[PDB]
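[1] Here's my sequence, what's the structure:
(chains A, B, C, D, E, F, G, H, I, J and K, ligands or ions: 3)
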Amino acid sequence: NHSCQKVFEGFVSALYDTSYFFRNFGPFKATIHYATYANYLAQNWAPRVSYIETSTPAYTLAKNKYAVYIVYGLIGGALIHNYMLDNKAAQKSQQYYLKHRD
Amino acid sequence: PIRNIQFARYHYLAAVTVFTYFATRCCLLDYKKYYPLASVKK
Amino acid sequence: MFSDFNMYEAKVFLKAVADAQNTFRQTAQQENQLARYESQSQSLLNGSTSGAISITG
Amino acid sequence: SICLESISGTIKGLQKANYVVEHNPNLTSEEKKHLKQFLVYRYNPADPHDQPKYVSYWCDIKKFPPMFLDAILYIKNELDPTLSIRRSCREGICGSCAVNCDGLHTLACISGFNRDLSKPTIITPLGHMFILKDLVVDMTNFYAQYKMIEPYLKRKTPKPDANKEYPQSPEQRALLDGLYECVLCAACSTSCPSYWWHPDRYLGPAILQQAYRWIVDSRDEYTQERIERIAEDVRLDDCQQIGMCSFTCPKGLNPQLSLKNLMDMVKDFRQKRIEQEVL
Amino acid sequence: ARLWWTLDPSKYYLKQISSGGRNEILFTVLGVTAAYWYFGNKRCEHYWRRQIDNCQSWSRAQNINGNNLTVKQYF
Amino acid sequence: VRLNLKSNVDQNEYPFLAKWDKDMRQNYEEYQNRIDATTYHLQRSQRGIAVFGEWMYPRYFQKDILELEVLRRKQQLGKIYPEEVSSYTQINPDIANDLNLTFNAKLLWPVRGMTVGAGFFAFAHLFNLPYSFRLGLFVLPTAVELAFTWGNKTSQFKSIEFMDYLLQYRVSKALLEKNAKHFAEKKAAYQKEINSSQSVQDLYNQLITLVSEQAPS
Amino acid sequence: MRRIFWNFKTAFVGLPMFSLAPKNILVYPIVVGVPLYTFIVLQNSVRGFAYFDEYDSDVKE
Amino acid sequence: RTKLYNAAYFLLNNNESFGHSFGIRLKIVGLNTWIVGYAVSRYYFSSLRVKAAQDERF
Amino acid sequence: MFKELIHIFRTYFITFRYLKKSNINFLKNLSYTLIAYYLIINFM
Amino acid sequence: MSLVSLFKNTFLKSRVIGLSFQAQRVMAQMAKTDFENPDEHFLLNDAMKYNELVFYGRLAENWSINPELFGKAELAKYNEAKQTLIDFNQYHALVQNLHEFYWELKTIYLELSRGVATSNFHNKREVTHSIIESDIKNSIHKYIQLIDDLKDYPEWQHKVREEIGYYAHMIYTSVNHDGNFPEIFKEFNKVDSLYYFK
Amino acid sequence: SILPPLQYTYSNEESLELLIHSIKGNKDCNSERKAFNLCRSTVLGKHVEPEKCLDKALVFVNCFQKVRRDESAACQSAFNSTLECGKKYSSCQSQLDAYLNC
Ligand SMILES: COC1=C(OC)C(=O)C(C/C=C(/C)CC/C=C(\C)CC/C=C(\C)CC/C=C(/C)CC/C=C(/C)CC/C=C(/C)CC/C=C(/C)CC/C=C(/C)CC/C=C(\C)CCC=C(C)C)=C(C)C1=O
Ligand code: SF4
Ligand code: FES
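    Numbering: from 1, shown residues only, chains lettered A, B, ... in the order given. Ligands and ions are numbered 1, 2, ... in the order given. You can find the structure just below:
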């Protein structure tokens, strides 16, 4: 370009140096490392239900052949129990405020 | 030998449908445009 | 349940009933607020006149 | 500094040159037209005063054989010798003369230009490849991609005869028949849209077909390694099964089918690496 | 290619922990317990609310400076 | 509901009340039409089946309950004057900004985004970047400001609070003009013998508690 | 400068593109957009499109 | 001092393979852009300010 | 969806090739987290 | 009593040795992968103890163990595992530096490519500017020096010439032989130019 | 926590009775109710001078109270039948239509 190319180089070098300092400054480097591994664990080892069962059926745990139905039962029971608790709370509130209405 | 392949398919389809339902609001329209072309009661 | 037309009849009629009760309340409160402000002003002026209360700011 | 003027020039450039989208200078001044019109692309990136410069030649069809290469040679021998073009075999076997023969990437020598005198015929370089000179693109990026696929026989184990031939049989010979006839003319690659957008990370139909030929070679025992080499990033995955790599092959090969089978093997290869590796 | 839409899960995430299946029963128990705590308080707030007007619910309005809010008729 | 535009107020004895009534009746048609449209939308949405309505209602139709509430409150207050806005700056500053963000008073040109993009244009003109990058880095901050400006529904709640406050203020100010004639005689004596700008409603409560704490009782 | 080379009306980017893009872009919006939208609009009006006129509007000063 | 090529689709004659493949591509991109555009339009028209008075200013 | 969307971005847009697949896989993680968060909160 | 110390030591030794067994496979796979995104096939195909390997290698090189709990064979195996993890960390640093240099060359190539595309109506310049030529010259010099430094490792030298030098060849193909071209590519036109049929 | 709180607690019987009486009033006291809403629409009548709307509000409330009394024996019988149907409901349109004709 022109004489401003020196300013361009200075600015880009300053940005590079700041990035380098921030990345591998001991505490920041350690916390970025731990954050990267935590992100890997979260994304790749999420609580799935479908997975490759390479082991023979004589080796697969019964905890794995029934985990789907355990999860479905727990979620459905939680939902129906929440609905029942909402109905019970509604009737309880109505009865209580009818008793205290007088 | 994927376990619960049907469940995985159903879960992915349900997630996609729910996301498209909430992100686009396709099933929850606004009928203010249709209000002028309507006959009122009372 | 009833038809939605009847449900909205009920809705508008109950809106009108609530508005009528609010009208009663507004009229009563406004006239009594006028009376209350007159009484309070008269009380303050009488108290200040008879040297019973000294008002500074 | 050099920015704003460049932007103004280029925005003014194409807009003032999209109207004149074919320059068409004439070689000479002619009045009576008993001759076919040839719009031959001309560009010599050696002198500063030169730009893509379609030249309209007029010449009698009868005086040269009904071949595109013969027409170009007639143009580049008598009328304008400055024209350049690669050609050695004259039989459609070396692949040197691959050019855009009237909106199609086919070998110039084994090709026939239209006989209708009224409609001009246009000859252009191979297309999405840098232009060294008139109709002479540089296929060096193509050639280099041929080096990556390791196109030589690779044996894991030797043979006990040590004095005889590799047993291949006639049936297994036919597997690589229809794959080894490619002349590396690079007419499918320059007309393959996946190669248009990723000339770097996409090997191309011809190169992937050569890789498939070496993979299905009965003697070759590095099938898995070759699959691994080609089943990396978008080396092969970029192919979209469009089918234009087969429509324009002068030798009648089927690069579309070759790449389809290669992708099928890759898809099986990913699955096979789990089923066949579990203990 | 030209056919990429499948409901089948990607094999990249289909891996499995070395000590059994993916941790789902534990995480679903944690989620259910969290749901009970979360949808146990909004239920409490929703059904135990009443609206009252008394003239004792009102208090003097004040500015951001703390003094009482009085606006003149003509400002 | 088809309120005639002409007001019946005197306009010579209650100028503020007449102006308020004129503004209320002038804009009544537009706000009534918008209220009718919103109510029809809500009714038809309630008329839906399963996940198309009657299940996600009114829990998920919260962006039009707010619109209906704002429309009714603004229908009551035909026009908001800048003099009355500044008073609410005592409670909440930037109330004019919230009203602009919610009420289509003017065109909210992205001044901040435009000047930030101009700042990028200055840097892109020093270490020259292509004008494509200049246009992109001009659009980006303007787009950011537009995203952070429009869709702000908390401004709608702030405007609801302001409209409730202004409605109450106008109602009280309307009563001031009606009874200004009646209280003229008492006002002179009260002002001349009680030198205090404190409100009578505030002074009297001080008297009430003062008698409650220190009285012969 | 930018000596563009472009076979107008005989090329994939040109008149064939103009003829091809609308007919393929407007496939799903016209084969799954119209039916879905009609179903969603008309599922509400099982008995009518009428607007239950709250706020009167039948009254005039 | 740079090598300029030709776009290779400005010069290639249209073919049924080009048409079919880009028709499928445009069908899918049109479906996805229609969905995303409907979402964006619902976002845009739901984030518009309420109507003002004739002479309202702040 | 994400795979082919990224492929479309990489094929046609030259400047999208500046992003290495390390950054793209980070966008993948962020997008998946955002989608999960969106689905969770829309029911809350 | 020392439950915390026992658990820390057993966790560290377990992870370190387990990832020491599955370390040469990861290094070999990273060798197969191109220099552009050497961590690919782990983000896409199989993350076969790659991120876990990096994380626990850094931990092992930056943690300490109590030799009281270890046996003699256990401590020898753990120390060998720690050495393998440290070698993996050095190998990862090497491949990351090579990958970053590859991306420097690819950035040069992409800057050239954006100036030739037909969509680039924004800025069409016939001649490359001065600073891009200087960057090309400097990067080619660094690439030549890198090849010279890998003279003791023929396989690594060949891999670098194949992968990193390919984009140098692409830059070669994108520029005419005018102006300062002979001087800019003088280091390139000695050996590696002929490797790419030039 | 977003649904509006209730002010007056209504039993099921009271709610159904108010529903049916409001429907009867809207089908009978429509003119007085419309006049009252006409008075209570302007700023004066709604906020500033509710004293004007006193007579119209009284007329409307008297009409509604007359509806709530339903002194007619046929009205009482039909209303009781509709209330029984509604309470069994925890449909009824035919019963409502039979009642409203009285
Ligand atoms: C496997 O698959 C395949 C691929 O993949 C891998 C491939 O690669 C290929 C290779 C072949 C190809 C063709 C690929 C190339 C791809 C492209 C070129 C993509 C781009 C082309 C399309 C998307 C198809 C073209 C069709 C459309 C609809 C695109 C858009 C076209 C237009 C003409 C634009 C729309 C028209 C209008 C009018 C929009 C106007 C918008 C505005 C904002 C203008 C507003 C107007 C006003 C009046 C208001 C403003 C006025 C002002 C401001 C006043 C004026 C003042 C000023 C200062 C301006 C193949 C064959 C393939 O098989
Ligand atoms: S496959 Fe056919 S068109 Fe392609 S390079 Fe070989 S001979 Fe030429
Ligand atoms: S000259 Fe040999 S292919 Fe034509």
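
[2] Can you list the helices and strands that the helix ranked longest in chain A packs against?
    The longest helix of chain A (DSSP state H) is helix A:67-99. Under the contact criterion of 3 or more CB pairs under 8 Å, 6 or more residues apart in numbering or on different chains; DSSP states H and E, helix A:67-99 touches helix E:25-47. Any C-beta I mention is one placed from the backbone N, CA and C, and that applies to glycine too.

[3] Just the buried residues of the helix it packs on, please?
    In terms of neighbour count (16 or more other CB atoms under 10 Å in any protein chain shown), helix E:25-47 has its buried residues at E:25, E:28, E:32, E:39, E:43, E:46, E:47.

[4] What are the buried residues along stretch E:64-71?
    Buried-residue list, stretch E:64-71, by 16+ other CB under 10 Å: residue E:71.

[5] just how off-centre is that stretch within its chain?
    What separates the centre of stretch E:64-71 from the centre of its chain is 35 Å, taken as CA atoms, centre = their mean, to the nearest Å.

[6] can you tell me if it touches chain F.
    Yes: using CB under 8 Å from any CB of the partner chain, stretch E:64-71 reaches chain F at E:64, E:65, E:68, E:69, E:70, E:71.

[7] and which of those residues is nearest residue J:7?
    The nearest member of the residues of stretch E:64-71 next to chain F to residue J:7, counting by CB to CB, is residue E:64 at 54.8 Å.

[8] which SSE is the closest residue to ligand 2 within chain E in?
    Residue nearest to ligand 2 within chain E: residue E:1 (19.5 Å; CB to the nearest ligand atom). Using DSSP states H and E, no element contains residue E:1; it sits outside every helix and strand.

[9] re the thing from before, report the entries of the residues of stretch E:64-71 next to chain F that also contact chain G.
    Okay, of the residues of stretch E:64-71 next to chain F, nothing touches chain G (CB under 8 Å from any CB).

[10] Rebuild those residues as TSV, extending it with distance to chain H and secondary structure.
    Below are the residues of stretch E:64-71 next to chain F laid out as TSV (distance: CB to the nearest CB, whole Å; DSSP: H, G, I helix; E, B strand; the rest coil):
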residue	distance to chain H	secondary structure
E:64	19	coil
E:65	23	coil
E:68	25	strand
E:69	20	coil
E:70	22	coil
E:71	17	coil
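
[11] Next one: stretch D:25-34, is it in contact with chain G?
    No: between stretch D:25-34 and chain G, judged by CB under 8 Å from any CB, nothing touches; the nearest distance is 11.5 Å.

[12] Contacts for that stretch next, please.
    D:53, D:54, D:55, D:56, D:57, D:58, D:60, D:79, D:80, D:117 (CB atoms under 8 Å, 6 or more residues apart in numbering or on different chains).

[13] ranking the residues you listed by neighbours, who comes first?
    Using other CB atoms under 10 Å in any protein chain shown as the neighbour criterion, residue D:57 leads the contacts of stretch D:25-34 with 24 neighbours.

[14] Which secondary structure state does that one sit in?
    strand (DSSP: H, G, I helix; E, B strand; the rest coil).

[15] so the residue in chain E that chain B sits nearest to is in which element?
    Nearest residue of chain E to chain B, counting by CB to the nearest CB: residue E:7, 3.7 Å away. Assigned by DSSP H and E, residue E:7 falls within no helix or strand.

[16] Next one: it from residue E:63, what distance?
    Residue E:7 sits at a distance of 61 Å from residue E:63 (criterion: CB to CB, to the nearest Å).

[17] The residue of chain E closest to ligand 2: how many residues sit nearby?
    Residues lying near residue E:1 (other CB under 10 Å) number 13.

[18] Please list all residues in contact with it.
    D:237, D:239, D:240, D:241, D:263.

[19] if I look at the nearest residue to the last one once chain neighbours are set aside, how far off is residue F:123?
    Put plainly, it is residue D:263. Once flanking residues are discounted, residue D:263 sits nearest to residue E:1: 5.8 Å by CB to CB, 6 or more residues apart in numbering or on different chains. Separation of residue E:1 from residue F:123 (CB to CB): 44 Å.

[20] again, but for residue J:21
    Distance of residue J:21 to residue F:123, given as CB to CB: 53 Å.

[21] and stretch E:23-40, anywhere near chain J?
    No: residues of stretch E:23-40 are not located near chain J by CB under 8 Å from any CB, the shortest gap being 15.9 Å.

[22] And the contacts of that stretch?
    A:45, A:47-49, A:63, A:67, A:70-71, A:74-75, A:78, A:82, A:85, E:17, I:44.

[23] Out of the residues you listed, the closest to chain G would be?
    For the contacts of stretch E:23-40, the residue nearest chain G by CB to the nearest CB is residue I:44; the value is 25.1 Å.

[24] Next, count neighbours for that closest one.
    7.

[25] can you pull the contacts of it?
    Counting by CB under 8 Å, 6+ apart, residue I:44 has contacts residue E:38.

[26] That one: what secondary structure?
    Criterion first, three-state DSSP; result for residue I:44: coil.

[27] Distance of it relative to residue D:201?
    Residue I:44 is 43 Å from residue D:201, where distance means CB to CB.

[28] so who does the closest residue to residue F:165 other than its chain neighbours touch?
    Nearest residue to residue F:165 in three dimensions, chain neighbours excluded: residue F:88, at 5.9 Å (CB to CB, 6+ apart). Contact analysis of residue F:88 by CB under 8 Å, 6+ apart lists F:95, F:162, F:165, F:166.
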